[PDB]
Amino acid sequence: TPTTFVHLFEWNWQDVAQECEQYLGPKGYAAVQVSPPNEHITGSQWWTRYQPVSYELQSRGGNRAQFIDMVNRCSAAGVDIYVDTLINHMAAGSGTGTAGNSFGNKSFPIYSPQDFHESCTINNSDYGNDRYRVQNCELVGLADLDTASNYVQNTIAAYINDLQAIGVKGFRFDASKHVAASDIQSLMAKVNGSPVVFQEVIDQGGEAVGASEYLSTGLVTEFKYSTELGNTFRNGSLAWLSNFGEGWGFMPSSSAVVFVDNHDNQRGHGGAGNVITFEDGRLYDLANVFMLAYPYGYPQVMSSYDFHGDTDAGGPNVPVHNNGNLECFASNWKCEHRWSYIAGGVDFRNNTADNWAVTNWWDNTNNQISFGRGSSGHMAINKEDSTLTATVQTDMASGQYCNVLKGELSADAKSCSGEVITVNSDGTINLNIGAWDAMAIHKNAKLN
């Protein structure tokens, strides 16, 4: 059952189309969030993608034809496409777009100086006590579109309706905090049907504009999850997560889009150092295993590239698929969605989606937790410096199960590629997990 989606940051349409057929489809990913496909400014920095010139599908990821080929090829594989949409602004200053268009002085090929809000600057303090300035002034200098204008709302909605016709099935509304929820509701009245849409709102609390103001127009990104999960795994006790979710002040599970990190907060935008990324290796594995196993939110697995510190640097200068050679796990693309632990976690979630309850919770009161998803699956994480050799109780049928985190079940279901977990006649399991490791089993990965 589809339950997870991945974000292939800066991946071009070619790589995404291939990745769909070769891995994403077969593994179980529901869909893919792609980088803005519309025309943007020229430059190698990743953030150039967030400075639109027009809405013609000519970006750094490829052209219209290529984009279309990508949507189609993924659909056949069983993978939807989510398009990161810019609804709050347009490029800044003056220049040229990736499709050859010119712009300058709030004058684009499809917008005039009158289609924008009068120029003013958004200040750090404005977020706390001035929703007006937050949604009407310029964010980092980006021309702020007049989202209340019928003309503006029509051109954006036309862009969205085109991508739907092409087959896009979801949308990410970027910088939704900088756009009045009222304007978003108007926009959606012009959008055909009801495509999956989630809004990027960064609300850690104490802000003029609350995340809750958008629960009505679609899902919302819950940044608390990220910083809290990271902070717990780094400086707290995993035993605290027993009631993670609404109990910690988080928005409703069925409204939240959670994740361990994203392209922003992994660069210091929306999260401090406590956030966990691919650079933390095994820590990232464990953290991801928790997220995918825990029945809260719609998980967004991250797929990034090593930027060697430079937070402005763009993606690698080599495709993920280099003449039959996969450029992953090294100094270019990290392809975390392919890491055994993370993919294994995706598998767990997919086969336990028929029991969104956390059962038989157990913990050593500190950094060894364990719980199940009813008789559909069970997991355990050991973050201590000694082996977890405790006997836990499960609701799973006795037998031999594959630890889907370290391997998978064979075709004939008569073997596992990784280690085998045993559930005794009484439904218990005599754990045997080394320091900083984990296990996870489900009903669709049973032997013989």
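One-based numbering along the sequence shown.
Test of understanding: from the entry's C-alpha B-factors, which stretch has the higher mean, 189-197 or 305-313?
It is 305-313 that shows the higher mean C-alpha B-factor.
Comparing 369-377 with 267-275, which has the greater mean CA B-factor as deposited?
Stretch with the higher mean C-alpha B-factor: 267-275.
Of the options 325, 176, 237, 360, which has the highest CA B factor as deposited?
In this record, 325 carries the highest C-alpha B-factor of the candidates.
Which has the highest CA B-factor per the PDB entry: 402, 388, 30, 411?
Highest C-alpha B-factor among the listed residues goes to 411.
If you rank every modelled residue in this chain by C-alpha B factor, which third holds residue 78: lowest, middle or highest?
Its C-alpha B-factor, which the entry lists for residue 78, ranks in the lowest third among residues of this chain.
So where's residue 157 on the chain's Cα temperature factor ranking, which third?
Its C-alpha B-factor belongs to the lowest third of this chain's values.
What third of its chain, lowest, middle or highest, does the C-alpha temperature factor of residue 34 fall into?
As the PDB entry reports it, the C-alpha B-factor of residue 34 lands in the lowest third of its chain.
Looking at the entry's B-factor column for C-alpha atoms only, identify whether residue 58 ranks in the lowest, middle or highest third of its chain.
Its C-alpha B-factor belongs to the highest third of this chain's values.
Among the modelled residues of this chain, does the Cα B factor of residue 130 put it in the lowest, middle or highest third?
Highest third of the chain for residue 130's C-alpha B-factor.
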